[PDB]
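Student: Quick note: the sequence shown uses the deposited numbering, first residue 1, plus one each step.
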Amino acid sequence: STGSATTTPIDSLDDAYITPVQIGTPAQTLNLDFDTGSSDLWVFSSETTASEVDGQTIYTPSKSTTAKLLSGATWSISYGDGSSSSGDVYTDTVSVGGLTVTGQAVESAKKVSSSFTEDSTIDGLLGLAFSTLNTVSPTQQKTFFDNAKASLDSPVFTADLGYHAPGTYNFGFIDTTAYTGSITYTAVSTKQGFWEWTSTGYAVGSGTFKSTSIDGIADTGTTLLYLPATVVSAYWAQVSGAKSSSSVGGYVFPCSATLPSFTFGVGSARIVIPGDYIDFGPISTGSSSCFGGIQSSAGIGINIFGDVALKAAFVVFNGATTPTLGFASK
Ligand SMILES: O=C(O)CCc1nccs1
């Protein structure tokens with residue numbers, strides 16, 4: 001089997017992407033944030049505290065003839081950005097782009113943090129990291145991809161995120177028309193439960209490529225590119241007027257600037273992030289100070305190849321017995 005679903009930016013900045021997901025019988029379609037940095041499929045629901053729902057579409061398990069409470073199971077997750085959610089668990093039929101999994105754990109939110117409530121466009125998350133990170137207790141549950149893997153034509157999914165445009169998540173096949181050149185594959189460590197890999201270096205604009213190992217994670221659920229302070233300083237030094245602002249929370253630059261590109265290495269291959277992808281616009285409405293899309297990871301503990309980086313590539317998440325990542329230009 002295979003599946004193919006379009007993923008759409010939630011706003012004009014590409015802050016996140018939503019993909020329609022069919023849950024239950026008859027189908028209830030929710031728009032989920034596919035997140036290769038986490039491993040829970042959780043949804044706003046009829047169980048979510050009413051004051052914490054503000055425009056989201058909810059899953060109502062009592063209206064699904066295939067929903068079954070997973071007795072005793074609870075979940076609770078906290079994300080790198082400080083947001084969180086928690087609740088109980090059903091199993092139900094879940095379909096993405098024509099690919100159906102029966103008995104998928106659907107984690108129903110009883111509580112969500114304010115950042116989720118305030119974002120009416122995201123109805124939940126669909127985690128695509130390794131199932132070892134799933135938070136369901138006392139019996140950890142499998143991700144949608146893990147459940148689908150054996151049925152797929154090939155045990156892979158691909159992320160093709162658009163710049164200010166829709167893109168595609170495919171399951172079970174590699175669309176050879178969706179990228180240019182070849183796909184360069186690189187080794188993955190699953191020791192932390194992430195799609196963790198080592199970039200071979202970087203360049204700023206037309207500058208020389210610096211060969212240096214940068215360990216990080218491929219994370220579709222993170223907006224920006226978070227890299228070591230040395231690398232980030234070298235990037236922003238090429239933008240006149242750029243400065244790290246403790247009060248704003250990162251690097252900011254004059255909105256009148258033209259940003260240089262940023263290249264990262266994948267083995268001997270190179271992925272070029274155009275400068276425009278690094279512009280996240282005014283820090284507040286009407287400001288001439290703009291927020292940068294490359295930021296320091298120094299306070300995170302891990303480097304994160306988020307959407308800024310991934311949207312410049314066609315990315316293969318190869319879930320074979322020994323997983324690997326692939327990157328192609330597009
Ligand atoms: O604040 C300043 O010093 C000038 C305007 C800028 N905004 C962002 C970076 S420089």
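No residue lacks a Cβ here, since even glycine has one placed at the ideal position from N, Cα and C.
#1: Can you tell me the Cα-Cα spacing of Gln56 and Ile122, whole angstroms?
#2: Is the segment 77 to 91 touching the segment 108 to 116 in the sense that three or more CB pairs, one from each, lie closer than 8 Å?
#3: May I have the straight-line CA-CA distance separating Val315 from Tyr202, to the nearest angstrom?
#4: Taking 6 Å as the line, does the beta carbon of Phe291 fall inside it for any heavy atom of ligand 1?
#5: Kindly indicate which residue of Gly124, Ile10, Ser39 has the alpha-carbon position closest to the one of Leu32.
#6: Based on the DSSP output, what are the partners of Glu107 in its beta bridges?
#7: Please identify the residue among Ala129, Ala178, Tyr163 whose C-alpha is closest to the C-alpha of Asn147.
#8: Report back the beta-carbon spacing between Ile77 and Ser38 to the nearest angstrom; my notes put them in contact at under 8 Å.
#9: How would you call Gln192, buried or exposed, if buried means at least 16 neighbouring beta carbons within 10 angstroms?
#10: Should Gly275 and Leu259 be called a contact, given that it needs their Cβ atoms to be closer than 7 Å?
#11: Helix or strand or just coil, what does DSSP make of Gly216?
#12: Going by DSSP, what residues sit across from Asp160 in a beta bridge?
#13: Name the residue from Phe317, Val204, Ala320, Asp15 whose alpha carbon lies nearest to the alpha carbon of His164.
#14: Applying the criterion that 16 or more other CB atoms from any shown protein chain within 10 Å of the CB defines a buried residue, is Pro155 buried or exposed?
#15: So, with DSSP's three-state summary, where would you put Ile23?
#16: So, using beta-carbon positions, are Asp92 and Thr60 closer together than 7 Å?
#17: Using 8 Å as the cut-off, can you tell me whether the segment 294 to 305 makes contact with the segment 223 to 236, which would need three or more C-beta pairs spanning the two stretches below that distance?
#18: Can you list, in chain order, the stretches of the alpha helix (DSSP H) that have 4 or more residues and sit fully within the segment 227 to 308?
#19: Kindly indicate which three-state DSSP category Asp35 falls into: helix, strand or coil?
#20: Would you report the Cα separation of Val231 and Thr212, rounded to the nearest angstrom?
#21: Opposite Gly124 in the DSSP bridges: which residues?
#22: Is the Cβ-Cβ distance between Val266 and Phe327 less than 7 Å?
#23: So what's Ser12 in DSSP terms, helix, strand or just coil?
#24: Could you please give the first and the last residue of the uninterrupted beta strand (DSSP E) stretch that includes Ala203?
#25: To the nearest angstrom, how far is the alpha carbon of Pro26 from that of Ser206?
#26: Near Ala269, which residues of its chain fall below 6 Å by C-beta distance, leaving aside the five closest residues on each side in sequence?
#27: Between which two residues does the beta strand (DSSP E) carrying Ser76 extend?
Tutor: Reading it off the structure:
#1: So the alpha carbons of these two residues sit roughly 7 Å apart.
#2: As far as the Cβ criterion goes, the segment 108 to 116 touches the segment 77 to 91, which means the pair count is three or higher.
#3: Each residue's Cα considered, the two are about 18 Å apart.
#4: No, since every heavy atom of ligand 1 falls outside the 6 Å radius drawn around the Cβ of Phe291.
#5: Measuring C-alpha to C-alpha distances from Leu32 to each of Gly124, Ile10, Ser39 identifies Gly124 as the nearest.
#6: Note: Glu107 sits in a beta bridge opposite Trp42, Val89.
#7: A check of alpha carbon separations from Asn147 across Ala129, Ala178, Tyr163 identifies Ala129 as the nearest.
#8: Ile77 to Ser38, Cβ: 7 Å. Contact.
#9: Residue burial is scored here from C-beta neighbours: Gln192 has fewer than 16 other C-beta atoms within 10 angstroms and is therefore classed as exposed.
#10: Cβ distance < 7 Å, so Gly275 and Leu259 count as in contact.
#11: In the structure shown, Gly216 sits in a strand (DSSP, three-state: E or B).
#12: Beta-bridge pairing by DSSP links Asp160 to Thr168.
#13: Nearest C-alpha to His164: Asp15.
#14: Buried.
#15: In this structure, DSSP gives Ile23 an extended state, which the three-state scheme calls strand.
#16: Contact: no.
#17: Inter-segment contact for the segment 294 to 305 and the segment 223 to 236 is present: three or more beta-carbon pairs are separated by less than 8 Å.
#18: Runs found: 229 to 236.
#19: When DSSP states are grouped into helix, strand and coil, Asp35 belongs to the strand group.
#20: One C-alpha to the other measures close to 10 Å.
#21: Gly124 is bridged to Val43.
#22: Yes; because the gap between Cβ atoms is below 7 Å, this pair is in contact.
#23: The answer is coil: DSSP assigns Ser12 none of H, G, I, E or B.
#24: Segment 196 to 204, the beta strand (DSSP E) holding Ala203.
#25: Approximately 54 Å between the Cα atoms of the pair.
#26: Its chain contains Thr184 as the residues whose beta carbon lies nearer than 6 Å to that of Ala269, once the 5 sequence neighbours on both sides are disregarded; these appear in chain order.
#27: First-last of the beta strand (DSSP E) with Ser76: 68 to 78.
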